[PDB]
$ cat data_4.cif   # mmCIF, N, CA and C atoms and all ligand atoms
data_data
loop_
_atom_site.label_atom_id
_atom_site.label_comp_id
_atom_site.auth_asym_id
_atom_site.auth_seq_id
_atom_site.Cartn_x
_atom_site.Cartn_y
_atom_site.Cartn_z
N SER A 7 26.37 1.74 7.96
CA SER A 7 25.40 0.69 8.27
C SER A 7 25.56 0.25 9.73
N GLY A 8 24.56 -0.48 10.25
CA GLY A 8 24.58 -0.98 11.62
C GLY A 8 23.22 -1.14 12.28
N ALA A 9 23.12 -2.03 13.29
CA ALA A 9 21.85 -2.25 13.98
C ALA A 9 22.03 -2.52 15.47
N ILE A 10 20.94 -2.39 16.26
CA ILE A 10 20.91 -2.78 17.68
C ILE A 10 20.09 -4.09 17.74
N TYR A 11 20.58 -5.12 18.46
CA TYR A 11 19.85 -6.40 18.57
C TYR A 11 19.49 -6.61 20.04
N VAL A 12 18.23 -6.32 20.42
CA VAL A 12 17.71 -6.44 21.79
C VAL A 12 16.50 -7.37 21.78
N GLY A 13 16.55 -8.46 22.57
CA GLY A 13 15.45 -9.43 22.60
C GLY A 13 15.15 -9.98 21.21
N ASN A 14 13.88 -9.95 20.77
CA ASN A 14 13.56 -10.39 19.41
C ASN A 14 13.31 -9.19 18.50
N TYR A 15 14.14 -8.13 18.64
CA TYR A 15 14.02 -6.89 17.86
C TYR A 15 15.34 -6.50 17.20
N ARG A 16 15.25 -5.88 16.02
CA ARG A 16 16.39 -5.37 15.26
C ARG A 16 16.08 -3.90 15.00
N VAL A 17 16.90 -3.01 15.54
CA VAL A 17 16.68 -1.57 15.36
C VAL A 17 17.66 -1.04 14.35
N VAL A 18 17.15 -0.46 13.27
CA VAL A 18 18.04 0.10 12.26
C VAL A 18 17.57 1.52 11.90
N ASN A 19 18.40 2.27 11.12
CA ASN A 19 17.94 3.53 10.53
C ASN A 19 16.83 3.17 9.52
N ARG A 20 15.73 3.92 9.52
CA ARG A 20 14.63 3.61 8.59
C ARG A 20 15.09 3.71 7.15
N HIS A 21 15.95 4.71 6.84
CA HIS A 21 16.41 4.88 5.46
C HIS A 21 17.30 3.72 4.96
N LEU A 22 17.82 2.90 5.86
CA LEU A 22 18.65 1.74 5.49
C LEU A 22 17.92 0.39 5.66
N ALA A 23 16.64 0.40 6.06
CA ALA A 23 15.89 -0.85 6.25
C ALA A 23 15.79 -1.61 4.93
N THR A 24 15.91 -2.93 4.99
CA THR A 24 15.82 -3.83 3.83
C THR A 24 14.35 -4.20 3.57
N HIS A 25 14.00 -4.69 2.35
CA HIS A 25 12.59 -5.08 2.07
C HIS A 25 12.06 -6.11 3.12
N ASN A 26 12.97 -6.91 3.65
CA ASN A 26 12.82 -7.93 4.69
C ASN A 26 12.52 -7.37 6.09
N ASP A 27 13.01 -6.16 6.41
CA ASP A 27 12.71 -5.48 7.67
C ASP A 27 11.24 -4.99 7.58
N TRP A 28 10.83 -4.44 6.43
CA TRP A 28 9.45 -3.98 6.23
C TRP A 28 8.42 -5.13 6.36
N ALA A 29 8.76 -6.31 5.83
CA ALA A 29 7.88 -7.48 5.95
C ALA A 29 7.73 -7.86 7.45
N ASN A 30 8.81 -7.71 8.23
CA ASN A 30 8.78 -8.09 9.63
C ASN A 30 8.65 -6.89 10.56
N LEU A 31 7.99 -5.83 10.09
CA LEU A 31 7.86 -4.59 10.83
C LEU A 31 7.12 -4.71 12.16
N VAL A 32 7.65 -4.02 13.18
CA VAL A 32 7.03 -3.89 14.48
C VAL A 32 6.58 -2.40 14.62
N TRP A 33 7.52 -1.46 14.36
CA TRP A 33 7.26 -0.05 14.51
C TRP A 33 8.28 0.74 13.71
N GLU A 34 7.83 1.84 13.11
CA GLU A 34 8.72 2.73 12.38
C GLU A 34 8.21 4.17 12.52
N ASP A 35 9.13 5.14 12.44
CA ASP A 35 8.75 6.53 12.50
C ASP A 35 9.72 7.31 11.62
N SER A 36 9.21 7.80 10.48
CA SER A 36 10.00 8.56 9.53
C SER A 36 10.62 9.81 10.20
N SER A 37 9.84 10.47 11.09
CA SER A 37 10.35 11.68 11.74
C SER A 37 11.48 11.39 12.73
N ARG A 38 11.69 10.15 13.12
CA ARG A 38 12.81 9.77 14.00
C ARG A 38 13.93 9.02 13.21
N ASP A 39 13.71 8.72 11.90
CA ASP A 39 14.63 7.87 11.10
C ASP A 39 14.87 6.52 11.79
N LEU A 40 13.81 5.91 12.41
CA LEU A 40 13.97 4.59 13.07
C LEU A 40 12.98 3.57 12.51
N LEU A 41 13.42 2.31 12.46
CA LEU A 41 12.59 1.16 12.08
C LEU A 41 12.99 0.01 12.98
N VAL A 42 12.00 -0.71 13.50
CA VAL A 42 12.26 -1.87 14.34
C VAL A 42 11.55 -3.05 13.70
N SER A 43 12.28 -4.12 13.44
CA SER A 43 11.70 -5.35 12.86
C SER A 43 11.90 -6.52 13.81
N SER A 44 11.06 -7.58 13.68
CA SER A 44 11.16 -8.74 14.57
C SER A 44 12.29 -9.67 14.10
N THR A 45 12.92 -10.41 15.03
CA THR A 45 13.97 -11.38 14.68
C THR A 45 13.61 -12.78 15.24
N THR A 46 14.18 -13.85 14.67
CA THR A 46 13.95 -15.19 15.22
C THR A 46 14.92 -15.47 16.39
N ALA A 47 16.16 -14.96 16.30
CA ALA A 47 17.15 -15.18 17.34
C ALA A 47 17.14 -14.06 18.38
N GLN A 48 17.42 -14.40 19.64
CA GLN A 48 17.46 -13.40 20.71
C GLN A 48 18.78 -12.61 20.68
N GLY A 49 18.66 -11.28 20.73
CA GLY A 49 19.77 -10.34 20.72
C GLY A 49 20.31 -10.09 22.11
N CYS A 50 21.52 -9.52 22.21
CA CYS A 50 22.17 -9.36 23.50
C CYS A 50 22.50 -7.92 23.91
N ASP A 51 22.08 -6.93 23.10
CA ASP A 51 22.37 -5.54 23.45
C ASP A 51 21.43 -5.14 24.61
N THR A 52 21.94 -4.35 25.52
CA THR A 52 21.14 -3.80 26.61
C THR A 52 20.89 -2.31 26.26
N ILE A 53 19.65 -1.85 26.37
CA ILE A 53 19.31 -0.47 26.10
C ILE A 53 19.48 0.32 27.40
N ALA A 54 20.09 1.50 27.32
CA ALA A 54 20.28 2.36 28.47
C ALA A 54 18.95 2.99 28.87
N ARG A 55 18.69 3.13 30.17
CA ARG A 55 17.49 3.84 30.65
C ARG A 55 18.02 4.92 31.61
N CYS A 56 18.40 6.08 31.05
CA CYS A 56 19.13 7.11 31.77
C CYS A 56 19.01 8.48 31.08
N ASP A 57 19.67 9.53 31.67
CA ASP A 57 19.76 10.84 31.02
C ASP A 57 21.25 11.21 30.75
N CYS A 58 22.13 10.20 30.55
CA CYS A 58 23.54 10.45 30.21
C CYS A 58 23.68 11.41 29.01
N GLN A 59 24.66 12.30 29.08
CA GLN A 59 24.97 13.20 27.98
C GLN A 59 26.44 13.05 27.52
N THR A 60 27.14 11.96 27.96
CA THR A 60 28.49 11.63 27.55
C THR A 60 28.46 10.12 27.25
N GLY A 61 29.23 9.73 26.27
CA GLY A 61 29.22 8.35 25.79
C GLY A 61 30.31 8.15 24.77
N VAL A 62 30.27 7.03 24.07
CA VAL A 62 31.26 6.69 23.06
C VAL A 62 30.51 6.22 21.83
N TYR A 63 30.91 6.67 20.64
CA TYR A 63 30.22 6.18 19.42
C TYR A 63 31.19 5.52 18.46
N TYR A 64 30.68 4.61 17.63
CA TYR A 64 31.52 3.99 16.61
C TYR A 64 31.40 4.77 15.28
N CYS A 65 32.55 5.15 14.72
CA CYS A 65 32.63 5.86 13.46
C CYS A 65 33.27 4.93 12.41
N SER A 66 32.46 4.29 11.52
CA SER A 66 33.01 3.33 10.57
C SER A 66 33.94 3.97 9.55
N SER A 67 33.72 5.25 9.20
CA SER A 67 34.61 5.98 8.26
C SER A 67 36.02 6.26 8.82
N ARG A 68 36.24 5.98 10.09
CA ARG A 68 37.57 6.09 10.72
C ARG A 68 37.99 4.77 11.40
N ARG A 69 37.10 3.74 11.45
CA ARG A 69 37.34 2.49 12.20
C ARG A 69 37.75 2.84 13.64
N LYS A 70 37.05 3.82 14.24
CA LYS A 70 37.41 4.30 15.56
C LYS A 70 36.19 4.59 16.40
N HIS A 71 36.35 4.44 17.70
CA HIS A 71 35.30 4.73 18.68
C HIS A 71 35.73 6.04 19.32
N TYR A 72 34.83 7.05 19.36
CA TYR A 72 35.20 8.35 19.91
C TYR A 72 34.36 8.72 21.14
N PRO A 73 34.99 9.19 22.21
CA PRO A 73 34.21 9.68 23.37
C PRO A 73 33.59 11.06 22.99
N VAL A 74 32.30 11.28 23.30
CA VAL A 74 31.62 12.52 22.93
C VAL A 74 30.68 12.98 24.04
N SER A 75 30.39 14.30 24.03
CA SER A 75 29.34 14.92 24.84
C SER A 75 28.21 15.14 23.80
N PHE A 76 26.97 14.89 24.17
CA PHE A 76 25.87 15.08 23.21
C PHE A 76 24.67 15.78 23.85
N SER A 77 23.89 16.52 23.04
CA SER A 77 22.74 17.23 23.56
C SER A 77 21.59 16.24 23.89
N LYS A 78 20.61 16.65 24.69
CA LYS A 78 19.47 15.79 25.01
C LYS A 78 18.58 15.63 23.74
N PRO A 79 17.80 14.55 23.63
CA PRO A 79 16.95 14.36 22.42
C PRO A 79 16.00 15.53 22.15
N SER A 80 16.06 16.06 20.93
CA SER A 80 15.26 17.23 20.58
C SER A 80 14.81 17.22 19.11
N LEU A 81 13.95 18.18 18.71
CA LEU A 81 13.46 18.31 17.34
C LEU A 81 14.50 19.24 16.66
N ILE A 82 15.20 18.72 15.63
CA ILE A 82 16.31 19.40 14.95
C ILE A 82 16.10 19.43 13.45
N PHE A 83 16.38 20.57 12.79
CA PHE A 83 16.25 20.64 11.34
C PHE A 83 17.40 19.86 10.72
N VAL A 84 17.07 18.98 9.80
CA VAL A 84 18.04 18.12 9.12
C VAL A 84 17.98 18.40 7.63
N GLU A 85 19.13 18.76 7.06
CA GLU A 85 19.21 19.07 5.64
C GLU A 85 18.72 17.95 4.73
N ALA A 86 18.32 18.30 3.50
CA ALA A 86 17.90 17.30 2.53
C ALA A 86 19.06 16.36 2.19
N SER A 87 18.72 15.11 1.92
CA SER A 87 19.67 14.08 1.49
C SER A 87 19.00 13.23 0.41
N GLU A 88 19.68 12.15 -0.06
CA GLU A 88 19.04 11.28 -1.05
C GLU A 88 17.86 10.48 -0.42
N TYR A 89 17.77 10.41 0.93
CA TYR A 89 16.74 9.63 1.62
C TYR A 89 15.54 10.42 2.15
N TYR A 90 15.71 11.70 2.45
CA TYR A 90 14.60 12.53 2.92
C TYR A 90 14.73 13.94 2.38
N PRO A 91 13.60 14.64 2.19
CA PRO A 91 13.70 16.09 1.93
C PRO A 91 14.11 16.80 3.24
N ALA A 92 14.44 18.12 3.16
CA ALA A 92 14.80 18.92 4.35
C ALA A 92 13.61 18.89 5.32
N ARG A 93 13.86 18.53 6.59
CA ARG A 93 12.75 18.34 7.53
C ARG A 93 13.21 18.42 8.99
N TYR A 94 12.28 18.44 9.97
CA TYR A 94 12.70 18.37 11.37
C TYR A 94 12.67 16.91 11.77
N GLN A 95 13.76 16.44 12.38
CA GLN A 95 13.79 15.05 12.88
C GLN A 95 13.69 15.15 14.41
N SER A 96 12.79 14.36 15.02
CA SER A 96 12.60 14.38 16.46
C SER A 96 13.51 13.34 17.17
N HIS A 97 13.66 13.50 18.51
CA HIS A 97 14.44 12.60 19.38
C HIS A 97 15.90 12.50 18.89
N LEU A 98 16.44 13.61 18.36
CA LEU A 98 17.80 13.62 17.82
C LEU A 98 18.76 14.31 18.81
N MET A 99 19.94 13.73 19.00
CA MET A 99 20.97 14.28 19.89
C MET A 99 22.19 14.61 19.04
N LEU A 100 22.80 15.77 19.21
CA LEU A 100 23.97 16.15 18.43
C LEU A 100 25.24 16.16 19.27
N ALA A 101 26.36 15.93 18.61
CA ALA A 101 27.70 15.99 19.20
C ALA A 101 28.66 16.56 18.14
N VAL A 102 29.79 17.09 18.60
CA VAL A 102 30.84 17.54 17.71
C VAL A 102 31.66 16.28 17.45
N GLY A 103 31.71 15.87 16.21
CA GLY A 103 32.47 14.67 15.85
C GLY A 103 32.36 14.36 14.38
N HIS A 104 33.25 13.47 13.90
CA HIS A 104 33.25 13.15 12.48
C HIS A 104 32.16 12.16 12.12
N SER A 105 31.55 12.37 10.94
CA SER A 105 30.60 11.42 10.41
C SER A 105 30.42 11.64 8.91
N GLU A 106 30.23 10.53 8.18
CA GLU A 106 29.94 10.49 6.75
C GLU A 106 28.63 9.71 6.56
N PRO A 107 27.90 9.89 5.44
CA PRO A 107 26.61 9.19 5.30
C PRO A 107 26.58 7.69 5.70
N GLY A 108 27.58 6.92 5.27
CA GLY A 108 27.70 5.49 5.58
C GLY A 108 28.00 5.17 7.04
N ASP A 109 28.20 6.20 7.89
CA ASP A 109 28.37 5.97 9.33
C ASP A 109 27.05 5.71 10.04
N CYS A 110 25.88 5.98 9.40
CA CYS A 110 24.57 5.73 10.02
C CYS A 110 24.49 4.26 10.48
N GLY A 111 23.96 4.05 11.67
CA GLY A 111 23.86 2.72 12.24
C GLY A 111 24.90 2.46 13.32
N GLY A 112 26.00 3.25 13.35
CA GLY A 112 27.02 3.06 14.38
C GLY A 112 26.44 3.32 15.76
N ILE A 113 26.77 2.47 16.73
CA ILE A 113 26.16 2.62 18.06
C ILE A 113 26.79 3.74 18.90
N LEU A 114 25.95 4.43 19.70
CA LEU A 114 26.36 5.37 20.75
C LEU A 114 26.05 4.68 22.08
N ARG A 115 27.06 4.56 22.94
CA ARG A 115 26.86 3.89 24.22
C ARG A 115 27.35 4.67 25.41
N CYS A 116 26.66 4.51 26.55
CA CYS A 116 27.09 5.13 27.81
C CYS A 116 27.39 3.97 28.80
N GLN A 117 27.71 4.30 30.07
CA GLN A 117 27.93 3.24 31.08
C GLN A 117 26.70 2.34 31.28
N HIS A 118 25.50 2.77 30.83
CA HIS A 118 24.28 1.97 31.05
C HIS A 118 23.89 1.04 29.88
N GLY A 119 24.51 1.22 28.73
CA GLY A 119 24.18 0.42 27.56
C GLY A 119 23.99 1.27 26.32
N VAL A 120 23.20 0.76 25.38
CA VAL A 120 22.97 1.47 24.11
C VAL A 120 22.09 2.69 24.29
N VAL A 121 22.54 3.86 23.78
CA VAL A 121 21.76 5.11 23.88
C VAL A 121 21.00 5.37 22.54
N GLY A 122 21.66 5.09 21.43
CA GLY A 122 21.07 5.33 20.11
C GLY A 122 22.02 4.96 18.99
N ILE A 123 21.69 5.35 17.77
CA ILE A 123 22.55 5.02 16.61
C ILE A 123 22.78 6.28 15.78
N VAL A 124 23.94 6.37 15.05
CA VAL A 124 24.22 7.51 14.17
C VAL A 124 23.08 7.61 13.12
N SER A 125 22.57 8.80 12.94
CA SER A 125 21.45 9.06 12.03
C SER A 125 21.70 10.28 11.15
N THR A 126 22.37 11.33 11.67
CA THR A 126 22.61 12.56 10.88
C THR A 126 24.08 13.02 11.03
N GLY A 127 24.50 14.03 10.24
CA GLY A 127 25.86 14.53 10.38
C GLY A 127 26.27 15.48 9.29
N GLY A 128 27.54 15.78 9.29
CA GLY A 128 28.10 16.72 8.33
C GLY A 128 28.62 17.95 9.02
N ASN A 129 29.59 18.60 8.40
CA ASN A 129 30.21 19.82 8.92
C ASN A 129 30.69 19.73 10.36
N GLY A 130 31.35 18.63 10.65
CA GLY A 130 31.96 18.45 11.97
C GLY A 130 31.01 18.06 13.08
N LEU A 131 29.75 17.76 12.73
CA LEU A 131 28.78 17.30 13.70
C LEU A 131 28.38 15.84 13.39
N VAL A 132 27.79 15.18 14.38
CA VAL A 132 27.26 13.84 14.25
C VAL A 132 26.02 13.80 15.12
N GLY A 133 24.94 13.29 14.55
CA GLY A 133 23.66 13.22 15.24
C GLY A 133 23.25 11.78 15.45
N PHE A 134 22.62 11.51 16.58
CA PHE A 134 22.22 10.15 16.97
C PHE A 134 20.71 10.09 17.23
N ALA A 135 20.06 9.05 16.71
CA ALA A 135 18.64 8.81 16.96
C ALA A 135 18.54 8.13 18.34
N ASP A 136 17.93 8.79 19.34
CA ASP A 136 17.79 8.20 20.67
C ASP A 136 16.87 6.97 20.66
N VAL A 137 17.20 5.94 21.46
CA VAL A 137 16.27 4.80 21.60
C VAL A 137 15.89 4.56 23.09
N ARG A 138 16.46 5.36 24.03
CA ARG A 138 16.24 5.19 25.47
C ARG A 138 14.79 5.34 25.92
N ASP A 139 13.94 6.07 25.17
CA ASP A 139 12.52 6.21 25.53
C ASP A 139 11.65 4.99 25.08
N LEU A 140 12.20 4.10 24.21
CA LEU A 140 11.44 2.95 23.68
C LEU A 140 11.45 1.81 24.69
N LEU A 141 10.70 1.99 25.78
CA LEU A 141 10.67 1.06 26.90
C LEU A 141 10.27 -0.37 26.52
N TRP A 142 9.38 -0.49 25.51
CA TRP A 142 8.89 -1.77 25.00
C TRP A 142 9.98 -2.62 24.38
N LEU A 143 11.12 -2.03 23.95
CA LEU A 143 12.24 -2.84 23.43
C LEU A 143 12.71 -3.91 24.44
N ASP A 144 12.47 -3.66 25.76
CA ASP A 144 12.85 -4.51 26.89
C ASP A 144 11.88 -5.63 27.21
N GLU A 145 10.80 -5.79 26.44
CA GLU A 145 9.82 -6.83 26.75
C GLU A 145 9.25 -7.47 25.49
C1 LIG X 201 25.82 10.50 9.33
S1 LIG X 201 24.61 11.13 8.13
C2 LIG X 201 25.53 12.34 7.23
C3 LIG X 201 26.90 12.51 7.40
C4 LIG X 201 27.58 13.43 6.63
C5 LIG X 201 26.89 14.17 5.70
BR1 LIG X 201 27.82 15.45 4.67
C6 LIG X 201 25.53 14.03 5.52
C7 LIG X 201 24.82 13.11 6.30
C8 LIG X 201 23.31 13.11 6.20
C9 LIG X 201 22.77 11.87 5.52
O1 LIG X 201 23.34 11.35 4.57
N1 LIG X 201 21.60 11.39 6.00
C10 LIG X 201 20.92 10.22 5.43
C11 LIG X 201 19.53 10.28 6.05
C12 LIG X 201 19.83 10.85 7.45
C13 LIG X 201 18.61 11.40 8.19
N2 LIG X 201 18.39 10.89 9.39
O2 LIG X 201 17.91 12.28 7.69
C14 LIG X 201 20.86 11.94 7.14
ZN ZN X 202 23.59 6.22 30.65
#

$ encode --input "data_4.cif" --output "structure tokens"
Amino acid sequence: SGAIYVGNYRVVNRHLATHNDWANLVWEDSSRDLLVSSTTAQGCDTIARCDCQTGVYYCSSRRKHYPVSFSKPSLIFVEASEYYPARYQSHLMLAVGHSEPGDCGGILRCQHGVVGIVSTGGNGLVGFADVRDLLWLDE
């Protein structure tokens, strides 16, 4: 689990959104596994606006933050799970690292701020849903 809190927005994995996030929906995209809902309180996360390919992510299944190299956002085939059938997920970045289903939501950060959140994984890989292209999160 986990979320990004920027301005009056809450960014979570779409598959983990609560009935309350859907009522306060701003934007969602099943193909990106992202949902953004409105908040009453102002958030303090800064979103990165960069092309960094190295960063640090939080892995809740290890209670550890790991430095990683990750690929640029791309369209990647993602195996079936209890939340989606087998499909291509867009704006996804992969890294070699540990992840379990409940790690989704953990933040990936570079020197510029938040890059994205854990969204996919398994077999020694971890995938992150990029948020750096969502320029509107800043206004
Ligand atoms: C970090 S996700 C993960 C990790 C290890 C294993 Br094995 C399997 C997973 C995959 C997983 O459960 N999902 C849920 C939905 C998500 C998606 N974005 O399609 C992928
Ligand atoms: Zn950066």

$ residues_around --input "data_4.cif" --residues "residue 38 in chain A" --least-positions-apart "6" --cutoff "7 Å" --atoms "all atoms listed in the file" --output "ChimeraX atom specification"
/A:20,94-98,135

$ write_last_selection --input "data_4.cif" --atoms "N, CA and C atoms" --output "mmCIF file, in the coordinates of the input"
data_model
loop_
_atom_site.group_PDB
_atom_site.id
_atom_site.type_symbol
_atom_site.label_atom_id
_atom_site.label_comp_id
_atom_site.auth_asym_id
_atom_site.auth_seq_id
_atom_site.Cartn_x
_atom_site.Cartn_y
_atom_site.Cartn_z
ATOM 1 N N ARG A 20 15.730 3.920 9.520
ATOM 2 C CA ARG A 20 14.630 3.610 8.590
ATOM 3 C C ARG A 20 15.090 3.710 7.150
ATOM 4 N N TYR A 94 12.280 18.440 9.970
ATOM 5 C CA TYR A 94 12.700 18.370 11.370
ATOM 6 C C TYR A 94 12.670 16.910 11.770
ATOM 7 N N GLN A 95 13.760 16.440 12.380
ATOM 8 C CA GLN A 95 13.790 15.050 12.880
ATOM 9 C C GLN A 95 13.690 15.150 14.410
ATOM 10 N N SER A 96 12.790 14.360 15.020
ATOM 11 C CA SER A 96 12.600 14.380 16.460
ATOM 12 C C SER A 96 13.510 13.340 17.170
ATOM 13 N N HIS A 97 13.660 13.500 18.510
ATOM 14 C CA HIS A 97 14.440 12.600 19.380
ATOM 15 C C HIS A 97 15.900 12.500 18.890
ATOM 16 N N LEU A 98 16.440 13.610 18.360
ATOM 17 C CA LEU A 98 17.800 13.620 17.820
ATOM 18 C C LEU A 98 18.760 14.310 18.810
ATOM 19 N N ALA A 135 20.060 9.050 16.710
ATOM 20 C CA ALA A 135 18.640 8.810 16.960
ATOM 21 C C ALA A 135 18.540 8.130 18.340
#

$ atom_distance --input "data_4.cif" --atom1 "CA of residue 141 in chain A" --atom2 "CA of residue 65 in chain A"
26.2 Å

$ residues_near_point --input "data_4.cif" --point "(25.6, 9.8, 9.9)" --cutoff "6 Å" --atoms "only C-alpha atoms" --output "list in words"
residues 105, 106, 107, 109, 110, 124, 125, 126 and 127 of chain A

$ closest_residue --input "data_4.cif" --among "A:88, A:57, A:51, A:34" --to "ligand LIG 201 (chain X)" --atoms "only C-alpha atoms and all ligand atoms"
A:88

$ closest_residue --input "data_4.cif" --among "A:99, A:120, A:132, A:113" --to "residue 82 in chain A" --atoms "only N, CA and C atoms"
A:99

$ atom_distance --input "data_4.cif" --atom1 "CA of residue 21 in chain A" --atom2 "atom C of residue 117 in chain A"
27.9 Å

$ closest_residue --input "data_4.cif" --among "A:52, A:75, A:26, A:37" --to "ligand LIG 201 (chain X)" --atoms "only C-alpha atoms and all ligand atoms"
A:37

$ axis_aligned_box --input "data_4.cif" --around "ligand LIG 201 (chain X)" --padding-each-side "8 Å" --output "AutoDock Vina command-line options"
--center_x 22.9 --center_y 12.8 --center_z 7.0 --size_x 25.9 --size_y 21.2 --size_z 20.8

$ closest_residue --input "data_4.cif" --among "A:63, A:11, A:33, A:134" --to "residue 79 in chain A" --atoms "only C-alpha atoms"
A:134

$ residues_around --input "data_4.cif" --residues "range 17-19 of chain A" --least-positions-apart "2" --cutoff "7 Å" --atoms "only N, CA and C atoms" --output "PDB file with N, CA and C atoms, keeping the file's coordinate frame"
ATOM      1  N   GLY A   8      24.560  -0.480  10.250  1.00  0.00           N
ATOM      2  CA  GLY A   8      24.580  -0.980  11.620  1.00  0.00           C
ATOM      3  C   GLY A   8      23.220  -1.140  12.280  1.00  0.00           C
ATOM      4  N   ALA A   9      23.120  -2.030  13.290  1.00  0.00           N
ATOM      5  CA  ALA A   9      21.850  -2.250  13.980  1.00  0.00           C
ATOM      6  C   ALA A   9      22.030  -2.520  15.470  1.00  0.00           C
ATOM      7  N   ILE A  10      20.940  -2.390  16.260  1.00  0.00           N
ATOM      8  CA  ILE A  10      20.910  -2.780  17.680  1.00  0.00           C
ATOM      9  C   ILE A  10      20.090  -4.090  17.740  1.00  0.00           C
ATOM     10  N   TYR A  11      20.580  -5.120  18.460  1.00  0.00           N
ATOM     11  CA  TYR A  11      19.850  -6.400  18.570  1.00  0.00           C
ATOM     12  C   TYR A  11      19.490  -6.610  20.040  1.00  0.00           C
ATOM     13  N   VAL A  12      18.230  -6.320  20.420  1.00  0.00           N
ATOM     14  CA  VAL A  12      17.710  -6.440  21.790  1.00  0.00           C
ATOM     15  C   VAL A  12      16.500  -7.370  21.780  1.00  0.00           C
ATOM     16  N   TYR A  15      14.140  -8.130  18.640  1.00  0.00           N
ATOM     17  CA  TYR A  15      14.020  -6.890  17.860  1.00  0.00           C
ATOM     18  C   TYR A  15      15.340  -6.500  17.200  1.00  0.00           C
ATOM     19  N   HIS A  21      15.950   4.710   6.840  1.00  0.00           N
ATOM     20  CA  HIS A  21      16.410   4.880   5.460  1.00  0.00           C
ATOM     21  C   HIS A  21      17.300   3.720   4.960  1.00  0.00           C
ATOM     22  N   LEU A  22      17.820   2.900   5.860  1.00  0.00           N
ATOM     23  CA  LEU A  22      18.650   1.740   5.490  1.00  0.00           C
ATOM     24  C   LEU A  22      17.920   0.390   5.660  1.00  0.00           C
ATOM     25  N   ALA A  23      16.640   0.400   6.060  1.00  0.00           N
ATOM     26  CA  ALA A  23      15.890  -0.850   6.250  1.00  0.00           C
ATOM     27  C   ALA A  23      15.790  -1.610   4.930  1.00  0.00           C
ATOM     28  N   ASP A  39      13.710   8.720  11.900  1.00  0.00           N
ATOM     29  CA  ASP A  39      14.630   7.870  11.100  1.00  0.00           C
ATOM     30  C   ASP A  39      14.870   6.520  11.790  1.00  0.00           C
ATOM     31  N   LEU A  40      13.810   5.910  12.410  1.00  0.00           N
ATOM     32  CA  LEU A  40      13.970   4.590  13.070  1.00  0.00           C
ATOM     33  C   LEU A  40      12.980   3.570  12.510  1.00  0.00           C
ATOM     34  N   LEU A  41      13.420   2.310  12.460  1.00  0.00           N
ATOM     35  CA  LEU A  41      12.590   1.160  12.080  1.00  0.00           C
ATOM     36  C   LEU A  41      12.990   0.010  12.980  1.00  0.00           C
ATOM     37  N   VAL A  42      12.000  -0.710  13.500  1.00  0.00           N
ATOM     38  CA  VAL A  42      12.260  -1.870  14.340  1.00  0.00           C
ATOM     39  C   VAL A  42      11.550  -3.050  13.700  1.00  0.00           C
ATOM     40  N   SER A  43      12.280  -4.120  13.440  1.00  0.00           N
ATOM     41  CA  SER A  43      11.700  -5.350  12.860  1.00  0.00           C
ATOM     42  C   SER A  43      11.900  -6.520  13.810  1.00  0.00           C
ATOM     43  N   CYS A 110      25.880   5.980   9.400  1.00  0.00           N
ATOM     44  CA  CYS A 110      24.570   5.730  10.020  1.00  0.00           C
ATOM     45  C   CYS A 110      24.490   4.260  10.480  1.00  0.00           C
ATOM     46  N   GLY A 111      23.960   4.050  11.670  1.00  0.00           N
ATOM     47  CA  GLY A 111      23.860   2.720  12.240  1.00  0.00           C
ATOM     48  C   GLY A 111      24.900   2.460  13.320  1.00  0.00           C
ATOM     49  N   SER A 125      22.570   8.800  12.940  1.00  0.00           N
ATOM     50  CA  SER A 125      21.450   9.060  12.030  1.00  0.00           C
ATOM     51  C   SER A 125      21.700  10.280  11.150  1.00  0.00           C
TER      52      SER A 125
END

$ select_by_dssp --input "data_4.cif" --residues "range 16-137 of chain A" --states "helix (DSSP H, G or I)" --output "PyMOL selection string"
chain A and resi 20-22+25-29+36-38+107-109

$ closest_residue --input "data_4.cif" --among "A:45, A:24, A:36, A:80" --to "ligand LIG 201 (chain X)" --atoms "only C-alpha atoms and all ligand atoms"
A:36

$ closest_residue --input "data_4.cif" --among "A:142, A:29, A:61, A:77" --to "residue 114 in chain A" --atoms "only C-alpha atoms"
A:61

$ residues_near_ligand --input "data_4.cif" --ligand "ligand ZN 202 (chain X)" --cutoff "10 Å" --atoms "only C-alpha atoms and all ligand atoms" --output "count of residues only"
17

$ residues_around --input "data_4.cif" --residues "residue 13 in chain A" --least-positions-apart "4" --cutoff "7 Å" --atoms "only N, CA and C atoms" --output "PyMOL selection string"
chain A and resi 45+47-51+143-144

$ atom_distance --input "data_4.cif" --atom1 "atom C of residue 102 in chain A" --atom2 "atom N of residue 140 in chain A"
23.9 Å

$ select_by_dssp --input "data_4.cif" --residues "range 94-139 of chain A" --states "strand (DSSP E)" --output "ChimeraX atom specification"
/A:94-102,113-116,119-128,131-136

$ decode --input "data_4.cif" --residues "range 33-38 of chain A" --atoms "N, CA and C atoms" --output "PDB file, in the first residue's frame"
ATOM      1  N   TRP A  33      -8.780  11.766 -12.088  1.00  0.00           N
ATOM      2  CA  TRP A  33      -8.322  11.102 -13.273  1.00  0.00           C
ATOM      3  C   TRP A  33      -7.862   9.700 -12.922  1.00  0.00           C
ATOM      4  N   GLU A  34      -8.133   8.751 -13.825  1.00  0.00           N
ATOM      5  CA  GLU A  34      -7.677   7.383 -13.644  1.00  0.00           C
ATOM      6  C   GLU A  34      -7.384   6.767 -15.017  1.00  0.00           C
ATOM      7  N   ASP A  35      -6.451   5.802 -15.056  1.00  0.00           N
ATOM      8  CA  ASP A  35      -6.137   5.124 -16.296  1.00  0.00           C
ATOM      9  C   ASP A  35      -5.773   3.686 -15.946  1.00  0.00           C
ATOM     10  N   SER A  36      -6.659   2.749 -16.307  1.00  0.00           N
ATOM     11  CA  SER A  36      -6.459   1.331 -16.046  1.00  0.00           C
ATOM     12  C   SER A  36      -5.145   0.838 -16.684  1.00  0.00           C
ATOM     13  N   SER A  37      -4.841   1.330 -17.912  1.00  0.00           N
ATOM     14  CA  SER A  37      -3.619   0.882 -18.594  1.00  0.00           C
ATOM     15  C   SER A  37      -2.337   1.373 -17.916  1.00  0.00           C
ATOM     16  N   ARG A  38      -2.417   2.344 -17.023  1.00  0.00           N
ATOM     17  CA  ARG A  38      -1.252   2.815 -16.258  1.00  0.00           C
ATOM     18  C   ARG A  38      -1.299   2.338 -14.777  1.00  0.00           C
TER      19      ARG A  38
END
